[PDB]
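Protein chains in written order, with the deposited numbering: chain A, 64 to 413; chain B, 63 to 413; chain I, 2 to 193; chain J, 2 to 193.
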Ligand SMILES: Nc1ncnc2c1ncn2[C@@H]1O[C@H](COP(=O)(O)OP(=O)(O)OP(O)(O)=S)[C@@H](O)[C@H]1O
Ligand SMILES: Nc1ncnc2c1ncn2[C@@H]1O[C@H](COP(=O)(O)OP(=O)(O)OP(O)(O)=S)[C@@H](O)[C@H]1O
Ligand SMILES: [Mg+2]
């Protein structure tokens, strides 16, 4: 029902630098709901199902996009992680409880549950692995992928309502999984290696050949966009699982400009967090416009996405924070680009 | 009132010698944690976020010692865990949720106090992968453990039995958010120095323009570790997601000969004082010459066991004396000198 | 007989000849009389190393009494073409062509051993035949003489007139004298 | 024909030529007339061993009748540049260059067999051409003669004047006589 522009506008407020990814997600969810309104597809041909695969690097807003999307959509939104999931009958967990968790949000009503959305974070952590002699059995892996795949194929799931007692009592509320949107978002670390081996032309040796220096060799960005089913299978994903997910939303490493906005634009930005911390002690904190550029440059080198920003700030402010409570006559503290480099000390106003 | 970082560091200085950087990071982290608890996220429109610490350091550098000493002055409930015991979900070994269960026991199963708690995870390097590649076969104690910790570090409700985990429908597991639980992961990442050296050091060739150090001029483990970056941990085996959860990185330095000499007498619980008390209860006085302490430091450094090496040297020097001292009589004082450390002469006995 | 050495690698033990092992470390040996075949071999090594890593610097150990000019130009042109900086080290001696290649190295990366001996002279050639043919070949060698002097002046930094005077006859320069003339930058006395 | 020997290692048995097997033990063989080609080979062997272990001492067996000066200086400068102490040993004989390289070894690590014969003489050279060119080449051999005598005095410890008188003509020194002169430090009669 919500227009793609409206969906993208809401995500843009909380997400910065993922305009391309947001467009795919908005169109996918909008098309999915349209199909639900129509009955029997309204035509001979069958409309393709909408299953998104949020593949992206660490700290790229994968979880943020799913969490912020639930606020806009009135449908019930549940979040699970494939790491916790294990084969049925084992000490870890059961995959079927995901449907039950979704029902809890909407007080066990099948009508609302069918229109709900699911977000399986850390999907890459359940990639198929070879057998280990020491281990009794590989509970986590392809076995878990089969249970999740069954829900995508479309199957009614029996759920006991109102927290039914151990007595069966034949309640078994059936909730169809064909209309329930399934989203799997995980950071496929190492996928770049297999993708590069397939799409890298190589460096020639002659005078007229093209020499590729390590500087401009390649990067994960512009490489994941060429992802294909064959590379995902090598990672460990089941081929049937990949076919069931036609929509693929691939995120890109945040740029220097994008990181600068996150430092100050969000309400819960890193700079505002420390400002409130300093204010609790009776001092005000000020960040120069040039300092943000330096912090973003250092964070990009760390390759930890948004989380890298906290590392740079904590290191630069480690010395002052240690001595600021003991010091007196300090009413204002200012930080600039030179302080970020470490050559200079945090400026103090007296 | 709120203790300042300097006050917190003073306590650590009493028990730990030479780890100035680790004390500052720990003191600042404890100082910030107290402020969040002292001033709940009620008035501030912005919600304060936590910063986890990664205590990298060689053996016998004081990593474990710092955590123990911290609990003495930590008003907040604190507990220590072992990463080796931890295993991923679905396996017989253990579960990450058990860590939270131990923390609740300290506060008598108080959910509110447990949420605002400090946890220490020793031997975090043991669960590191062998290489940057994810795995060849399922790893129950390895990357799998790190994958389960991601939700725990960032924040999520943890299921723990309220009292005994019995006679309860569905076990009545208590749900405690771990978003505000500061985590300190200290481990001795053996072999990380060569990884850092690979990128830091270049030009290792055979010709005239190559760089040859002869193993004497090469950078030491302490110096190399100080230049640690996240990219280096990727090659060592740490998951990229796990590193992001730990922004703060603290590097401890190798104990020098001078530092070891101070550790023998300066700390509150020193090696010399331990043996001295052993003699006091039996009616004898133990005296160590200043030169003797210097000799012990040199021998301990060669062992490569850090502070633990000092114990071995003292045991060997006093091995024979301790064996015959109780049966002997008219023993009022024992003096140890540099000659005893070398093994040239027997320790002087006062009759 | 060339000896064989063992190199420890992740895959396992590997056997290399002493020259190939050094080639792996970006070291090319220029030894003996310069000629078409040895020059083409050196050219192949420069191109091969460029592809492996165009950022790292290549090294050239020159111990030669000189040779053909045309063969030397193939090496000189290849050095300037490829992106990697070529560091030239003189071992034993460097005659007319060896010296031209020595000074042609990257500015700041040209080295010389303390007891090395460098010599620079003008081109020498000869032709037998008709007077008309003599005039043709005579003009060609003079052009090469001017071209070689113009390039040496650029690398050494000396004036063109000075080079013509000094190269008119054989001139021997020691390692310290070469530094002043501009043929090399520094001397490698001991490992630091 | 060079024989092949088997070396037992943890990985397994490996086949090595007799010269390569000794190279693994930091032993370099200098044999025959010195020249640019064999000299570069020795240089490569020295640099290779320096990288493997710059602390362990290298060994250079010398049984040669001498040769080109320039080729020898490459070996001499390489021995002094690298960190490892090069222990020279004289087998059979050591002529002008073999002796200059022998005495160039690390102090206290120069040896000679009891029946070895050392010989030192001034440089040999010649040139044919114009009187001007003759003067140019004549000054170089004189400088080389003076430069070589200076280095011999530094290693042997004898005065420069004495070296000039003794090196004017071929002088043969037995193993004991060489010890007194300073070319060598000790004699290896039997294994203790
Ligand atoms: N595009 C973004 N805009 C603003 N903040 C962001 C963005 N991406 C990440 N962050 C910040 O980083 C935090 C974590 O973001 P996540 O969505 O968890 O990144 P991630 O890619 O999911 O990391 P993982 O470990 O692979 S799930 C968020 O709570 C934000 O504070
Ligand atoms: N800085 C120090 N000052 C004083 N004593 C120290 C110091 N570092 C180590 N010690 C001594 O060494 C003992 C063990 O120290 P630990 O903190 O366990 O070392 P470590 O960093 O934990 O190394 P591990 O356990 O192998 S990872 C302590 O109980 C002290 O007696
Ligand atoms: Mg420890």
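For each residue, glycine too, the CB sits at the ideal point set by N, CA and C.
| Contacting positions in the stretch 267-284 of chain B - beta carbon closer than 9 angstroms to chain J | 267, 268, 269, 270, 272, 274, 275, 276, 277 and 278
- prompt: Hey, how far is the Cα of residue 274 of chain B from the Cα of residue 46 of chain J?
  reply: 16 angstroms
Item checked: Residue-level contact to chain I via CB, residue 74 of chain J, 8 angstroms cutoff -> yes
**OP:** Tell me where the beta strand (DSSP E) around residue 236 of chain B begins and ends.
**Re:** 236-239
Give every residue of the same chain whose Cβ lies closer than 8 angstroms to the Cβ of residue 3 of chain J, excluding the five residues on either side of it in the sequence, and list them in chain order. 18, 19 and 20
* Asked: With 16 other CB atoms within 10 Å as the buried threshold, where does residue 260 of chain B fall?
  -> exposed
**Prompt:** Mind checking whether the beta-carbon of residue 318 of chain B lies closer than 7 angstroms to any heavy atom of ligand 1?
**Reply:** no
Compute the minimum distance between the beta carbon of residue 174 of chain B and the heavy atoms of ligand 1, and state whether it is under 7 angstroms. no
- If residue 173 of chain B sits next to residue 214 of chain B, beta carbons under 8 angstroms apart, how far is it from one beta carbon to the other, in whole angstroms? No, residue 173 of chain B and residue 214 of chain B are not in contact; Cβ-Cβ is about 16 angstroms, not under 8 angstroms.
* Span separating the alpha-carbon of residue 297 of chain B from that of residue 291 of chain B -> 11 angstroms
Span of the alpha helix (DSSP H) around residue 103 of chain I = 97-104
Can you round the beta-carbon distance between residue 87 of chain A and residue 310 of chain A to whole angstroms, since I take them to be within the 8 angstroms contact cut? 7 angstroms
So with CB distances below 9 angstroms, who are the chain A contacts of residue 68 of chain B?
385, 386, 388 and 389
- Could you name the residues whose beta carbon sits closer than 7 angstroms to any heavy atom belonging to ligand 3, keeping them in chain order? B:125, B:126, B:184, B:185, B:248 and B:250
message = For the stretch 356-365 of chain B against the stretch 107-117 of chain B, do three or more pairs of beta-carbon atoms, one drawn from each stretch, fall closer than 8 angstroms, so that the two count as touching?
response = no
Can you pull the chain I residues whose beta carbon is under 7 angstroms from the beta carbon of residue 84 of chain J, in chain order?
192
* To do: Could you tell me which chain B residues have their CB closer than 8 angstroms to the CB of residue 23 of chain I, listed as they occur along the chain?
  => 268 and 269
For residue 137 of chain J and chain I, any beta-carbon pair shorter than 8 angstroms? yes
Chain-order list of residues whose beta-carbon lies under 6 angstroms from that of residue 37 of chain J (same chain, five-residue window excluded): 72
Just the chain I side, please: which residues come within less than 7 angstroms of residue 20 of chain J by C-beta, in chain order? 2 and 4
Legend entry - Anticipated Cβ contact below 8 angstroms, residue 185 of chain A with residue 249 of chain A, distance rounded: 5 angstroms
* Same chain, Cβ closer than 7 angstroms to residue 221 of chain B, neighbours up to 5 away in sequence not counted -> 159, 235 and 237
task = For my contact list, residue 166 of chain B and residue 181 of chain B are in at a C-beta cut-off of 8 angstroms; report their separation, rounded to the angstrom.
result = No, residue 166 of chain B and residue 181 of chain B are not in contact; Cβ-Cβ is about 11 angstroms, not under 8 angstroms.
- Message: Any heavy atom of ligand 2 closer than 7 angstroms to the beta-carbon of residue 290 of chain B?
- Response: no
Considering just the uninterrupted stretch of the alpha helix (DSSP H) at residue 137 of chain I, what are its terminal residues? 132-157
Closest residue to residue 44 of chain J among I:41, I:122 and I:114 (Cα-Cα distance)
I:114
* To do: Enumerate in chain order the residues of its own chain whose CB-to-CB distance from residue 90 of chain A is below 6 angstroms, with the five nearest sequence positions on each side excluded.
  => 67
Exercise for the section: Pull out every residue of the stretch 161-172 of chain I whose Cβ sits closer than 7 angstroms to any Cβ of chain J, in chain order. Expected result: 170 and 171
Worksheet item: Should residue 139 of chain I go down as buried or exposed, given a rule of 16 or more other Cβ atoms within 10 Å for buried?
Response: exposed
Compute the Euclidean distance between the alpha carbons of residue 155 of chain B and residue 154 of chain A, then round it to the nearest angstrom. 11 angstroms
> Which residues does DSSP pair with residue 395 of chain B in a beta bridge?
Replying inline: B:347 and B:412
**Prompt:** Would you call residue 5 of chain J buried or exposed, if buried means 16 or more other Cβ atoms sit within 10 Å of its Cβ?
**Reply:** exposed
| said: Just to make sure I have the definition right: I need the residues of chain B whose C-beta is within less than 7 angstroms of the C-beta of residue 88 of chain I. Which are they? | reply: 271
Problem set entry | Cutoff 6 angstroms; reference residue 305 of chain A; Cβ partners in own chain excluding five residues on either side | 292 and 295
What residues from the stretch 39-63 of chain J come within 7 angstroms of chain B, judged by C-beta to C-beta, listed N to C? 48, 49, 51, 52, 55 and 56
Ligand 1 and residue 28 of chain A: does any heavy atom of the ligand fall closer than 7 angstroms to the residue's C-beta? Missing from the structure shown is residue 28 of chain A; chain A here goes from 64 to 413 and no further.
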